[PDB]
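**Q** Here's my sequence, what's the structure:
(chains A and B)
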Amino acid sequence: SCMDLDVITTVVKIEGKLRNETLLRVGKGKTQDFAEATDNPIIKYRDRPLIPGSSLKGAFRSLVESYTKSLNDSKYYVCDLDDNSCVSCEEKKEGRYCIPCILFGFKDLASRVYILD
RNA sequence: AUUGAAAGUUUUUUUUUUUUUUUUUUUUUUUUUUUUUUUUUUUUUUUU
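**A** Numbering: from 1, shown residues only, chains lettered A, B, ... in the order given. The protein structure is shown below:
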């Protein structure tokens, strides 16, 4: 049973500073949406450039999916995002689990790892 | 001193989950640092 969000045993908070190595370009969801800058401007929170939490979550989920598929284990699988027939874990008689579904949630299950901006 | 009255429509329930504004796009193509100007003029290898 992977739906244990009702009972919270432990909570860990990771606080740090992210420093870009190369020329980091913000997602710029403001596609052809100028606010106070030239051409298409990167998104920012009150004139302060902001890395979207959704972007980091998507990149992390892609990395986790790649890792899980590289595991090549029957017990652990990844289901397509558009599929609505996927389930997080199966308690059929030892069971199957979805690591990205466990971490960042699915339609059937909410996330367990929250990522801030 | 209404036939005659005194009662809260109240408790209880998070509008929540799934989703990277993403891929592609070499600030390059052309243009001789050349061009007119004499390292020239003056001076006895020489006297008591």
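**Q** how many neighbours does the closest residue to residue A:105 other than its chain neighbours have?
**A** Residue nearest to residue A:105 in three dimensions, not counting chain neighbours: residue A:111, with 3.4 Å by C-beta to C-beta, 6 or more residues apart in numbering. Just so you know, the C-beta spots here come from the backbone N, C-alpha and C atoms, and that holds for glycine as well. Residues within reach of residue A:111, counting by other C-beta atoms under 10 Å, total 16.
**Q** from what I can see residue A:111 touches residue A:102, true?
**A** No - counting by C-beta atoms under 8 Å, residue A:111 sits too far from residue A:102 to count as a contact (9.2 Å).
**Q** Spell out which parts of chain A neighbour RNA strand B.
**A** Within reach of RNA strand B by C-beta under 7 Å from any atom of the strand, chain A has these residues: A:25, A:27-29, A:31, A:52, A:54-55, A:57-59, A:61-62, A:81, A:104-107, A:109-111.
**Q** Tell me the secondary structure at residue A:66.
**A** Secondary structure state of residue A:66, per DSSP: H, G, I helix; E, B strand; the rest coil, is helix.
**Q** hmm, I was thinking of residue A:59
**A** Three-state assignment for residue A:59 (three-state DSSP): helix.
**Q** Repeat that for the one 4 residues further on.
**A** Three-state call for residue A:63 (three-state DSSP): helix.
**Q** do the same with residue A:107
**A** Counting by three-state DSSP, the backbone at residue A:107 sits in coil.
**Q** What is the neighbour count of it?
**A** Neighbours around residue A:107, by other C-beta under 10 Å: 14.
**Q** Was I right to think it contacts residue A:84?
**A** Yes - using C-beta under 8 Å, residue A:107 is in contact with residue A:84, at 6.3 Å.
**Q** Tell me who's in contact with residue A:74.
**A** Residue A:74 sits next to residue A:96 when contact means C-beta atoms under 8 Å, 6 or more residues apart in numbering.
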